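Take a look at this single chain in structure tokens; it is the form solved without the named molecule.
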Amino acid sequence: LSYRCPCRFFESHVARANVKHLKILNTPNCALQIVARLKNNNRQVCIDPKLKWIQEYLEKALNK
């Protein structure tokens, strides 16, 4: 129950503009660690870590 990795399924086609924030879960046992909190509906969804915009969004946040 509380032992299952939190992200069982992911969303593939979430857009940067519709994200309040990304949560990056500290779950190294687990395949999927990226969660989006969505602007339109306030849902939290797990997202595809290969989504191209994610890498740029996080790089930006690192103020490099």
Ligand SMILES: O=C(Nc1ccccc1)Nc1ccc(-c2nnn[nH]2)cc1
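Throughout, we count residues from 1 along the sequence that is shown.
This protein has a second form, the form solved in complex with the named molecule, left out of what is shown; the following refers to that one.
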Does residue 13 reach the named molecule in the deposited complex if we count a contact as any heavy atom within 4.5 Å?
yes
Flag residue 50 as yes or no: does it have a non-hydrogen atom within 4.5 angstroms of any non-hydrogen atom of the named molecule in the deposited complex?
no
Any chance residue 32 has a heavy atom within 4.5 Å of the named molecule in the deposited complex?
no
Heavy atom within 4.5 Å of the named molecule in the deposited complex: which residues of 30-47 qualify?
38, 40, 41, 43, 45
